[PDB]
Number of protein chains: 8
Amino acid sequence: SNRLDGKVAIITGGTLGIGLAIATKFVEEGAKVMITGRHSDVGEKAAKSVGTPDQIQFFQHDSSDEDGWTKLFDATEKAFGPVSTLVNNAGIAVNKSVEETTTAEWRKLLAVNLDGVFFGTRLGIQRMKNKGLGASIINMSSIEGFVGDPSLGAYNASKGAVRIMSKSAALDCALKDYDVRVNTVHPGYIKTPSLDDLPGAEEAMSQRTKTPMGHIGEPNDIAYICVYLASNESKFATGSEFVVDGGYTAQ
Amino acid sequence: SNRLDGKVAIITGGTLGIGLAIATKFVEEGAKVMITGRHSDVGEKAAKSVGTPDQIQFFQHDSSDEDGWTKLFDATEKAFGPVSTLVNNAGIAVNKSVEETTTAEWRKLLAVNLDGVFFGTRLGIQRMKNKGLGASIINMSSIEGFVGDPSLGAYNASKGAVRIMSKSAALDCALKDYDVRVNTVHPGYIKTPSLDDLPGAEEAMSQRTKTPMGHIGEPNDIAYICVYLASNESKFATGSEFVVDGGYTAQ
Amino acid sequence: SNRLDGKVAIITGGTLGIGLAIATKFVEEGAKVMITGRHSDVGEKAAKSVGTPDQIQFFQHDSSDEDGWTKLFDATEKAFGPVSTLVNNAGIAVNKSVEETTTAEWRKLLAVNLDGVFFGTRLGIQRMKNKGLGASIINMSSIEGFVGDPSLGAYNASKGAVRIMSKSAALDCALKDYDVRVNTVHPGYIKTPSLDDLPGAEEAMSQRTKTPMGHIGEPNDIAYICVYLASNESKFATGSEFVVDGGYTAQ
Amino acid sequence: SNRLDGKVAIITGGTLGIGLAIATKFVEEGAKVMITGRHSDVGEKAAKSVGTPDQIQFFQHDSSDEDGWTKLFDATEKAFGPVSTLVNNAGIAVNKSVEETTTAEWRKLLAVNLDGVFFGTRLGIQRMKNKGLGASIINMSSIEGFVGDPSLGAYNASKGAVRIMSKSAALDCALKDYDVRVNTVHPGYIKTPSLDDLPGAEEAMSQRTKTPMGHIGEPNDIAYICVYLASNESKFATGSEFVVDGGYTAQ
Amino acid sequence: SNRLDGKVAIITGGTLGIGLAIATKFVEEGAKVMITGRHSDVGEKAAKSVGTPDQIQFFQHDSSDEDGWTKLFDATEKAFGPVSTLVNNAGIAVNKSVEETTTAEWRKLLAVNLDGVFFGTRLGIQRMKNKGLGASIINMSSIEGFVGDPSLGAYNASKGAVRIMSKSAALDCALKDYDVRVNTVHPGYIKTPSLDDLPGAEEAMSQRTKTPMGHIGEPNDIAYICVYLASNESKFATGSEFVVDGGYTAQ
Amino acid sequence: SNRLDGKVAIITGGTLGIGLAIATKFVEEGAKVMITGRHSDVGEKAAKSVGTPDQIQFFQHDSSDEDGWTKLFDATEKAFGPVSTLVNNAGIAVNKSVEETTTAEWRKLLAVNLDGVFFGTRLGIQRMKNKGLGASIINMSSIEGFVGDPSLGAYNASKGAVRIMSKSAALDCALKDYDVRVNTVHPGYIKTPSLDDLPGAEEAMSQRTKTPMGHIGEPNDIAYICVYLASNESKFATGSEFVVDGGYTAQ
Amino acid sequence: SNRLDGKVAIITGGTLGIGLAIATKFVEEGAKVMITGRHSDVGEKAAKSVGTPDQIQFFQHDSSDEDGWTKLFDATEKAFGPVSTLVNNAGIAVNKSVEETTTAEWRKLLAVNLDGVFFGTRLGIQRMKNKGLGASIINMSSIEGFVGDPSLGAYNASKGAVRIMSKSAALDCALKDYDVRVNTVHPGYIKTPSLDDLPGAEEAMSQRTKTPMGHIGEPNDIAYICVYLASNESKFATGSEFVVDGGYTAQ
Amino acid sequence: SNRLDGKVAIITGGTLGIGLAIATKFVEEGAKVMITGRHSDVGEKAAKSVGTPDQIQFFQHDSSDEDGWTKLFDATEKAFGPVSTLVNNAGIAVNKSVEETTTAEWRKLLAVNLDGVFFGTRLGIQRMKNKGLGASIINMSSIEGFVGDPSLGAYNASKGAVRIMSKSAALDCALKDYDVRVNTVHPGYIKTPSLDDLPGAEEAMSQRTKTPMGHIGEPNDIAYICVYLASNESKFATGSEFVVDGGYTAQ
Ligand SMILES: [Mg+2]
Ligand SMILES: [Mg+2]
Ligand SMILES: [Mg+2]
Ligand SMILES: [Mg+2]
Ligand SMILES: [Mg+2]
Ligand SMILES: [Mg+2]
């Protein structure tokens with residue numbers, strides 16, 4: 001324990017599901033955390049349920065709002081000191097094939113899943129570089145950044161852009177000695193509130209033809225791999241992809 | 001010869017460089033072609049230099065214009081009959097790291113390199129499916145869809161989105177028996193007019209630490225692989241990536 | 001036509017299935033060919049069925065026989081002149097998991113699928129370099145060099161070694177200006193005699209959960225991609241992997 | 001701490017370099033360990049330097065000795081109880097291109113780097129399955145299982161086989177509910193004694209064109225990622241590849 | 001009473017403030033109403049507080065979502081029959097001068113105040129024309145569509161676009177005999193929840209130099225003028241502007 | 001109904017056309033009315049046709065007679081109690097351009113259309129202020145107070161003066177807390193007897209280039225807008241212009 | 001310079017304030033001018049102070065004298081040739097609300113501000129039409145022809161009539177091809193002798209709540225806009241209003 | 001002449017039509033000018049045809065490109081010194097009713113006609129304020145910012161936003177003593193290259209029912225009014241609208 005001693009972390013969309021589990025384990029390991037979300041009653045209840053205000057707080061912010069990113073970092077710095085860790089987790093999904101995707105659907109999904117991650121990654125580098133913090137940016141992609149799905153058109157493009165954009169960021173901060181690492185995490189199917197939104201997807205993706213283990217994962221499975229990437233145990237890991245999918249992409 | 005017997009092809013950005021070479025070899029192999037571009041004097045001169053109006057014509061169209069895509073297909077169908085082949089080639093580049101990319105730069109590059117390819121891929125599936133044409137959509141990505149470059153931030157995201165979005169399209173048309181194939185092509189550094197725009201990039205990317213062959217490629221190197229993917233010799237190839245880079249990604 | 005003008009090619013295991021199709025299309029495109037195999041009566045009948053002795057001949061040779069490789073190159077050079085093209089095609093498969101694979105089974109498969117390809121690649125570089133031939137070595141891997149299968153343990157290991165060993169050879173001949181290219185081809189499931197070793201594989205791999213097109217391929221699907229790699233159209237392609245699998249690895 | 005509570009681990013080649021660091025961190029986290037090697041005086045000194053005989057012991061064994069693998073499991077089970085974790089770490093390297101590799105060199109490297117890993121993986125599945133141990137087999141590959149190097153011919157082939165063979169094992173134990181996970185670790189260049197086999201490799205691979213961070217790693221960088229894969233935090237990770245290379249493969 | 005006999009109305013942003021007052025008086029006068037909003041708990045409570053489900057219901061919808069507009073009209077038609085009245089009320093404000101407005105602020109405000117009104121006005125004409133319904137589209141502009149305010153830059157542009165765009169719509173449906181009227185409403189300062197968001201604005205805008213009446217208005221003041229424009233008493237009014245501002249624009 | 005509960009209204013020129021319709025609807029909504037005119041036999045018949053003497057009565061008075069205005073207010077107050085509402089409606093028109101207007105024509109039209117409205121507005125403020133009546137003065141202007149007509153010279157000037165003079169009165173009664181509101185109504189072309197003064201005006205102004213609806217209005221179209229302005233629903237409306245013209249001024 | 005080459009202009013009330021400045025700039029730009037006024041000693045001194053008798057002269061005339069208008073045109077034509085330009089500038093103001101305006105005050109102001117402008121506009125059209133002069137009539141209105149003031153009752157009415165009457169004249173001379181243009185100028189508060197009629201108006205109208213620039217204008221500000229309207233640069237401008245008020249009417 | 005002595009002006013879209021005429025007259029009056037456009041051959045030819053490089057130059061720039069605005073001002077400052085005048089002229093049109101406007105058409109027109117004008121107005125204020133330059137921003141709206149047209153939906157909204165946004169800018173720079181004036185110009189129909197794009201619109205808009213003068217204007221008609229607004233003759237004019245339309249809006 002205390003594998004994240006002295007760290008200051010922002011976690012976008014950390015009030016439910018995967019992000020909420022990441023926040024819980026981060027606090028358990030010594031970090032001070034700021035979770036974000038769009039609904040404030042859910043968000044404040046989530047922060048209080050994990051710990052005290054000097055351990056974790058909430059900040060209402062839509063990841064696609066460019067102006068909010070500056071206020072988010074200022075607030076976190078004011079409460080806990082300089083930020084050392086960023087988890088770009090907030091994202092959404094659309095159940096459409098490329099052929100049947102409306103232009104409205106296309107723009108709204110990429111505004112969050114791609115533009116938002118770019119806004120945070122870009123400002124994270126500026127604020128955390130050259131400060132001896134052992135900085136780490138963790139961008140949440142997916143197995144849909146490796147393989148395609150016939151009814152996840154815009155989502156496939158979303159996560160593929162994230163996959164390769166982070167490699168470019170990682171190289172720039174390593175060649176320039178910024179003391180910032182960038183890595184991507186690729187979950188399989190995990191039981192979260194948003195997966196209950198796609199009816200019957202859990203049973204379909206628990207078949208052996210899809211997930212060889214015959215079942216899907218839990219939010220803590222993604223939390224543990226991000227503790228590794230946020231801690232100084234991973235000080236030699238940058239620009240790499242980490243897959244936790246129960247065998248999905250192995251076949 | 002006549003490996004593309006009876007085919008009807010649209011090639012976006014086919015008035016210079018890589019696209020112009022693709023158009024030349026397509027006509028040489030029996031196809032009827034419509035090249036697009038933004039400058040009309042250059043475009044008409046390019047079409048006439050390759051062949052007669054019953055072999056190839058020009059259509060002024062910005063790939064990021066959504067309304068133009070419908071008029072482009074209607075014009076090509078009126079001149080040559082139903083379209084069977086689409087090459088999503090038009091793209092642009094920005095010499096910026098993720099840290100130093102303005103939001104304006106970000107939006108303009110993705111409007112062409114990602115939104116445009118999506119507009120054509122989406123409408124191509126609708127117009128070419130279920131017609132016995134042996135249809136083929138060829139999306140131009142890059143080696144920057146595999147590896148990152150520290151000063152090609154938005155470009156890396158552009159080509160990564162293209163890489164995985166085409167896999168989703170390929171699966172949807174195969175599971176539904178659409179008679180449409182989708183594949184991506186990943187060139188290395190090729191001597192084109194736009195590469196002279198980035199000063200001294202040719203000599204830098206001809207070092208052995210970058211391109212093991214000690215030199216860069218020519219536009220015909222990309223033309224030949226797209227004749228294969230457009231012809232019926234590749235009738236079992238869909239959702240795959242084809243790299244022609246002189247060894248860049250092998251090390 | 002005559003895309004392989006003036007080329008001299010060795011094709012191991014060219015008396016059945018994929019190799020016989022490669023040999024057929026090579027002769028049709030102007031090359032002169034020497035196919036190998038272990039049974040000589042089938043082999044002589046195979047050569048005669050494709051063309052006349054001044055177009056194609058047969059040479060009895062076990063791919064795992066190290067000393068025979070020198071006699072194979074000497075015989076082919078004597079009949080047709082200096083060899084310019086090598087296709088390491090001969091291979092076998094066993095339907096066993098890693099847990100239940102005997103050491104005897106393990107050793108015999110790697111002797112053919114790995115040692116044999118190494119014997120040919122090593123001597124091919126020595127014999128074809130620095131002669132202005134536009135030489136090309138094509139090593140036959142598989143989709144099983146990309147993904148795993150629970151009942152193809154030793155076969156998976158063989159084909160993964162071929163995938164990465166060819167990258168090393170390709171880099172060495174490019175950095176040293178040898179005028180030799182090395183590339184790998186990765187077929188999906190193809191209807192050949194070798195499918196009798198995997199009982200029931202055609203029906204099993206024709207499900208949509210396996211091959212999205214709902215069917216498996218034919219030997220000519222692999223022949224056409226090897227015409228491209230053997231011809232000078234691919235003079236900028238080295239160290240790359242080319243997949244023709246009907247969508248198998250895209251999901 | 002005690003992230004490896006109650007685990008029993010075998011680490012081949014755990015008397016130097018990476019393996020010794022894995023053994024050190026395993027004991028620190030609660031596991032009981034048996035390290036192997038060929039020289040017994042160094043091995044006994046190595047075990048004693050890490051802890052007491054009830055924490056860690058040594059067993060003289062050549063990874064290529066098939067019969068010794070059964071005695072290795074019997075000895076470890078007798079001292080500590082049933083084995084739950086296996087790290088196939090022992091390996092060697094040779095600085096030779098494919099063109100200039102002797103058959104003797106080829107056979108000896110694959111006997112250790114490939115046959116040895118196969119011997120352990122095969123018997124590990126048999127001995128650890130269906131016992132509620134939360135078993136985990138970690139096979140040591142490399143970045144040379146992803147990209148090629150012009151002077152690592154046989155080493156590239158070895159490590160590529162390990163990469164894809166482990167996927168096959170992982171799928172078999174997940175589809176059959178064996179309670180065994182299989183994953184591979186791919187280190188970059190790490191300062192170990194084994195670097196004396198590649199002369200001048202530290203200075204060569206510390207150029208920015210090779211490792212973007214401008215330096216190579218230390219053995220503890222690989223130890224921490226193997227603690228994650230050996231613990232139950234990774235219970236949803238199987239058949240995956242984890243890269244710790246300082247940015248090497250991102251460009 | 002029953003001045004709106006038999007009418008079916010959609011009111012965007014009708015769960016608070018001005019829109020909520022419009023909805024209340026509409027139901028009181030015989031109309032059947034569907035109010036929209038982004039927060040569903042507030043929205044459902046608002047609908048129930050005004051009347052029964054056969055008088056008024058709620059529909060969660062962001063006016064800037066183009067796809068939602070079609071579902072909004074379908075839902076209202078399913079519950080109450082064909083829609084006859086549309087009130088484009090939802091809007092937001094930003095306290096910035098033109099000089100100090102960020103591009104992010106600019107785009108977000110116009111996405112709601114201009115794009116949203118255009119989406120509803122465009123689809124309203126298509127759905128309500130040529131059906132004998134006595135249709136009426138009421139677009140909510142402001143006094144800031146007549147005069148400027150030094151710290152309401154984007155808002156001034158928002159409401160000015162609405163003012164003149166509705167004139168074009170009104171003329172098109174009158175020249176074509178569509179039986180659809182379009183008019184704009186221009187409130188002064190009204191005590192609503194969003195006016196409490198701009199601190200001290202109420203006291204500042206209640207000075208006689210600003211509002212000659214020495215006080216600001218109440219939500220019912222805007223409700224009554226929209227009952228007139230929705231009823232058949234205004235059957236000769238189209239393309240006109242109606243100001244209720246307590247004298248603001250008279251001086 | 002009873003939207004004008006307890007109100008006492010004077011309507012000049014209420015024996016024909018627009019004024020008679022205003023009087024009719026005023027009584028229907030609870031007000032008690034005194035209509036004026038110059039011919040007494042028509043006037044008495046008009047009053048009786050609308051209702052009983054305790055609802056509406058007639059008073060012979062020329063709007064340009066200054067002394068008669070005091071007797072008009074005294075008579076109305078004696079019959080119904082204190083007056084709360086005034087509609088300055090009486091007016092006439094002449095079909096002449098500025099170039100060909102006689103001074104006699106000029107003086108007579110402004111004596112009625114301007115001097116008369118001034119006489120009533122001035123005395124209305126004096127008599128109705130500071131009595132808690134919710135007083136409202138409605139001055140009848142026209143679209144000819146907004147745009148010009150080449151053959152309505154003197155009429156244009158009259159109606160433009162009314163438009164801006166009422167703004168001045170409205171401001172004075174709001175700054176001084178008089179409890180009196182002043183507003184103007186601007187009708188388009190309405191079918192009344194007064195159209196005999198403009199020969200052929202109905203057919204001329206019913207062209208689409210003039211009134212977009214293709215027809216002119218009826219007197220009730222103006223009556224309804226004056227019910228709103230006379231009732232307490234408009235208690236926040238003062239100094240404003242309300243146009244009911246069938247789209248005339250929108251183009 | 002000489003922007004008014006060959007023009008002959010009458011300027012009513014050109015012996016003080018705004019008119020004297022218009023006369024000064026007119027002569028400087030080549031026009032020959034006749035200024036009018038009621039006091040002849042001031043008028044003769046004013047003419048002499050601007051230039052010589054062959055450039056500018058004086059004519060004693062009260063703008064409300066109808067018969068004098070014919071002698072004014074005859075005198076000016078005799079001295080300089082046919083008149084081409086008329087500026088209806090003479091006007092007066094009274095500081096009274098509508099409620100407290102005497103009928104005597106009302107009649108005298110409209111006799112000058114309205115009847116006088118009508119007398120000149122009517123005869124100007126008759127005398128200047130159809131002579132190729134490029135004629136231009138400029139009627140002086142005010143911001144008080146746009147907005148109301150609580151203590152400028154009769155003045156507001158005068159200036160509103162001028163605003164709309166000039167539109168009617170402008171249309172008549174354009175539809176009939178008279179070669180006469182009519183336009184209005186609307187000044188803000190300007191420092192002139194006429195400000196003694198509104199006591200304290202300079203300090204009152206220099207507050208930022210009134211004139212945003214914090215000061216009032218000078219007579220030359222109005223002279224320059226009348227040079228444009230009198231010259232042939234404005235040959236496409238007719239029936240329009242030109243405001244020079246320091247921002248007064250923008251808020 | 002030299003009414004624009006010592007001024008430095010940027011004119012967007014000044015290579016054709018209205019802007020080209022504005023540039024010509026500006027140079028004639030002493031200003032130094034930088035015209036912008038998208039086509040560089042047309043643009044350079046336009047600059048040279050008006051004057052020498054020390055009088056006028058060209059700068060390729062799309063007004064909708066946000067990044068280009070900073071480079072445009074820097075270039076003009078480098079060639080001529082600090083900029084004092086900005087003319088936001090570049091705009092485009094779409095021939096669609098609100099009902100039949102595609103979302104693509106809507107976004108593209110507003111990107112130029114509204115976003116572009118905002119980009120220049122915002123940066124113009126920052127660069128020209130508080131420098132004693134007598135700065136002037138002239139925004140090109142239209143008569144379609146006053147009245148509507150049934151087939152100019154997006155254009156009507158474009159010009160209405162411009163009309164009211166400039167009022168807000170004018171007030172902010174006057175209240176803060178910025179020495180910057182903002183005004184809008186509203187042309188009628190003018191014969192330009194883009195008006196020949198709408199076939200037969202010239203004859204339709206030259207009818208007396210549309211333009212009372214029976215003809216349309218020429219580019220110089222708009223040039224002259226912008227010389228007035230750019231010169232110090234208009235130092236008291238801010239936040240006002242200037243119409244030159246041949247009587248269009250007067251009826
Ligand atoms: Mg986008
Ligand atoms: Mg797969
Ligand atoms: Mg690399
Ligand atoms: Mg009009
Ligand atoms: Mg005002
Ligand atoms: Mg917009």
# chains A, B, ... in the order shown; residues from 1 in each chain; ligands from 1
>>> select_by_dssp(residues="region 35-237 of chain C", states="strand (DSSP E or B)", output="PDB file with N, CA and C atoms, in the first residue's frame")
ATOM      1  N   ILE C  35       9.474 -26.321 -58.772  1.00  0.00           N
ATOM      2  CA  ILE C  35       8.683 -26.706 -57.610  1.00  0.00           C
ATOM      3  C   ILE C  35       9.336 -27.911 -56.951  1.00  0.00           C
ATOM      4  N   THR C  36       9.195 -28.005 -55.629  1.00  0.00           N
ATOM      5  CA  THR C  36       9.763 -29.108 -54.867  1.00  0.00           C
ATOM      6  C   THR C  36       8.672 -29.857 -54.111  1.00  0.00           C
ATOM      7  N   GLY C  37       9.012 -31.079 -53.716  1.00  0.00           N
ATOM      8  CA  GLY C  37       8.127 -31.933 -52.943  1.00  0.00           C
ATOM      9  C   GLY C  37       8.869 -33.191 -52.548  1.00  0.00           C
ATOM     10  N   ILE C  56       8.785 -24.956 -66.431  1.00  0.00           N
ATOM     11  CA  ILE C  56       8.683 -25.404 -65.048  1.00  0.00           C
ATOM     12  C   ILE C  56       9.213 -26.830 -64.959  1.00  0.00           C
ATOM     13  N   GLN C  57       9.903 -27.127 -63.856  1.00  0.00           N
ATOM     14  CA  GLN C  57      10.426 -28.458 -63.586  1.00  0.00           C
ATOM     15  C   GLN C  57      10.240 -28.782 -62.108  1.00  0.00           C
ATOM     16  N   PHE C  58      10.552 -30.026 -61.750  1.00  0.00           N
ATOM     17  CA  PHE C  58      10.363 -30.540 -60.401  1.00  0.00           C
ATOM     18  C   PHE C  58      11.694 -31.001 -59.816  1.00  0.00           C
ATOM     19  N   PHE C  59      11.834 -30.846 -58.498  1.00  0.00           N
ATOM     20  CA  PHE C  59      13.036 -31.264 -57.784  1.00  0.00           C
ATOM     21  C   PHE C  59      12.631 -31.864 -56.447  1.00  0.00           C
ATOM     22  N   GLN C  60      12.898 -33.158 -56.267  1.00  0.00           N
ATOM     23  CA  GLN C  60      12.544 -33.846 -55.030  1.00  0.00           C
ATOM     24  C   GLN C  60      13.455 -33.391 -53.895  1.00  0.00           C
ATOM     25  N   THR C  85      13.982 -15.414 -57.211  1.00  0.00           N
ATOM     26  CA  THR C  85      12.794 -15.399 -56.369  1.00  0.00           C
ATOM     27  C   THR C  85      12.676 -16.713 -55.609  1.00  0.00           C
ATOM     28  N   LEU C  86      12.350 -16.619 -54.318  1.00  0.00           N
ATOM     29  CA  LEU C  86      12.164 -17.787 -53.464  1.00  0.00           C
ATOM     30  C   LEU C  86      10.870 -17.653 -52.675  1.00  0.00           C
ATOM     31  N   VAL C  87      10.055 -18.704 -52.697  1.00  0.00           N
ATOM     32  CA  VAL C  87       8.826 -18.779 -51.916  1.00  0.00           C
ATOM     33  C   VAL C  87       8.951 -19.968 -50.972  1.00  0.00           C
ATOM     34  N   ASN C  88       9.100 -19.683 -49.676  1.00  0.00           N
ATOM     35  CA  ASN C  88       9.203 -20.716 -48.644  1.00  0.00           C
ATOM     36  C   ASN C  88       7.786 -21.101 -48.244  1.00  0.00           C
ATOM     37  N   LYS C  96      -3.366 -30.062 -32.123  1.00  0.00           N
ATOM     38  CA  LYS C  96      -3.067 -30.348 -30.725  1.00  0.00           C
ATOM     39  C   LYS C  96      -2.912 -29.054 -29.941  1.00  0.00           C
ATOM     40  N   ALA C 135      15.591  -9.121 -56.387  1.00  0.00           N
ATOM     41  CA  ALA C 135      15.266 -10.375 -55.728  1.00  0.00           C
ATOM     42  C   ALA C 135      14.193 -10.180 -54.665  1.00  0.00           C
ATOM     43  N   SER C 136      13.459 -11.256 -54.397  1.00  0.00           N
ATOM     44  CA  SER C 136      12.336 -11.205 -53.469  1.00  0.00           C
ATOM     45  C   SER C 136      12.168 -12.567 -52.816  1.00  0.00           C
ATOM     46  N   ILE C 137      12.183 -12.592 -51.487  1.00  0.00           N
ATOM     47  CA  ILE C 137      11.927 -13.800 -50.713  1.00  0.00           C
ATOM     48  C   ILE C 137      10.580 -13.635 -50.024  1.00  0.00           C
ATOM     49  N   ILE C 138       9.684 -14.591 -50.254  1.00  0.00           N
ATOM     50  CA  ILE C 138       8.323 -14.556 -49.729  1.00  0.00           C
ATOM     51  C   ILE C 138       8.161 -15.745 -48.796  1.00  0.00           C
ATOM     52  N   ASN C 139       8.002 -15.466 -47.506  1.00  0.00           N
ATOM     53  CA  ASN C 139       7.848 -16.497 -46.491  1.00  0.00           C
ATOM     54  C   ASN C 139       6.378 -16.631 -46.117  1.00  0.00           C
ATOM     55  N   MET C 140       5.873 -17.859 -46.165  1.00  0.00           N
ATOM     56  CA  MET C 140       4.464 -18.143 -45.916  1.00  0.00           C
ATOM     57  C   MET C 140       4.245 -18.328 -44.418  1.00  0.00           C
ATOM     58  N   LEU C 152      -3.836 -25.367 -31.874  1.00  0.00           N
ATOM     59  CA  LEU C 152      -2.766 -25.248 -32.862  1.00  0.00           C
ATOM     60  C   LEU C 152      -1.477 -24.791 -32.192  1.00  0.00           C
ATOM     61  N   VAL C 180      17.696  -7.338 -52.182  1.00  0.00           N
ATOM     62  CA  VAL C 180      16.834  -8.457 -51.817  1.00  0.00           C
ATOM     63  C   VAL C 180      15.768  -7.947 -50.859  1.00  0.00           C
ATOM     64  N   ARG C 181      14.512  -8.267 -51.145  1.00  0.00           N
ATOM     65  CA  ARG C 181      13.400  -7.918 -50.277  1.00  0.00           C
ATOM     66  C   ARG C 181      12.835  -9.174 -49.623  1.00  0.00           C
ATOM     67  N   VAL C 182      12.356  -9.022 -48.391  1.00  0.00           N
ATOM     68  CA  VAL C 182      11.758 -10.117 -47.634  1.00  0.00           C
ATOM     69  C   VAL C 182      10.411  -9.651 -47.097  1.00  0.00           C
ATOM     70  N   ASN C 183       9.370 -10.450 -47.333  1.00  0.00           N
ATOM     71  CA  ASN C 183       8.025 -10.132 -46.874  1.00  0.00           C
ATOM     72  C   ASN C 183       7.301 -11.429 -46.546  1.00  0.00           C
ATOM     73  N   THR C 184       6.267 -11.319 -45.714  1.00  0.00           N
ATOM     74  CA  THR C 184       5.480 -12.473 -45.302  1.00  0.00           C
ATOM     75  C   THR C 184       4.037 -12.332 -45.763  1.00  0.00           C
ATOM     76  N   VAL C 185       3.426 -13.474 -46.069  1.00  0.00           N
ATOM     77  CA  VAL C 185       2.026 -13.561 -46.463  1.00  0.00           C
ATOM     78  C   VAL C 185       1.301 -14.391 -45.418  1.00  0.00           C
ATOM     79  N   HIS C 186       0.121 -13.927 -45.009  1.00  0.00           N
ATOM     80  CA  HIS C 186      -0.639 -14.539 -43.921  1.00  0.00           C
ATOM     81  C   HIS C 186      -2.028 -14.902 -44.428  1.00  0.00           C
ATOM     82  N   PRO C 187      -2.209 -16.110 -44.951  1.00  0.00           N
ATOM     83  CA  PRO C 187      -3.531 -16.522 -45.427  1.00  0.00           C
ATOM     84  C   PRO C 187      -4.470 -16.869 -44.285  1.00  0.00           C
ATOM     85  N   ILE C 190      -7.958 -21.742 -46.279  1.00  0.00           N
ATOM     86  CA  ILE C 190      -8.034 -21.973 -47.716  1.00  0.00           C
ATOM     87  C   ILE C 190      -8.303 -23.453 -47.946  1.00  0.00           C
ATOM     88  N   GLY C 217     -11.411 -19.483 -48.364  1.00  0.00           N
ATOM     89  CA  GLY C 217     -10.831 -19.079 -49.628  1.00  0.00           C
ATOM     90  C   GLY C 217     -10.362 -20.245 -50.485  1.00  0.00           C
TER      91      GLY C 217
END
>>> interface_residues(of="chain H", to="chain B", cutoff="8 Å", atoms="only C-alpha atoms", output="list in words")
residues 65, 66, 67, 104 and 105 of chain H
>>> residues_around(residues="residue 219 (chain B)", least_positions_apart="5", cutoff="8 Å", atoms="only C-alpha atoms", output="VMD selection string")
chain B and resid 17 to 18 21 to 22 190 to 192
>>> write_last_selection(atoms="N, CA and C atoms", output="short mmCIF file (atom, residue, chain, number, x, y, z; two decimals), in the first residue's frame")
data_model
loop_
_atom_site.label_atom_id
_atom_site.label_comp_id
_atom_site.auth_asym_id
_atom_site.auth_seq_id
_atom_site.Cartn_x
_atom_site.Cartn_y
_atom_site.Cartn_z
N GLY B 17 0.32 14.09 -57.21
CA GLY B 17 1.00 13.17 -56.30
C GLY B 17 0.50 11.74 -56.36
N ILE B 18 0.20 11.19 -55.18
CA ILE B 18 -0.16 9.78 -55.07
C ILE B 18 -1.44 9.49 -55.83
N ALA B 21 -1.08 9.34 -59.58
CA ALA B 21 -0.47 8.10 -60.03
C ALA B 21 -1.47 6.95 -60.00
N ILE B 22 -2.30 6.89 -58.95
CA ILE B 22 -3.35 5.88 -58.87
C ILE B 22 -4.29 5.99 -60.07
N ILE B 190 6.75 9.27 -49.35
CA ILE B 190 6.71 9.26 -50.81
C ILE B 190 6.95 10.67 -51.30
N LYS B 191 7.73 10.81 -52.38
CA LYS B 191 8.01 12.13 -52.94
C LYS B 191 6.77 12.62 -53.68
N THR B 192 6.07 13.57 -53.08
CA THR B 192 4.87 14.20 -53.63
C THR B 192 5.03 15.70 -53.47
#
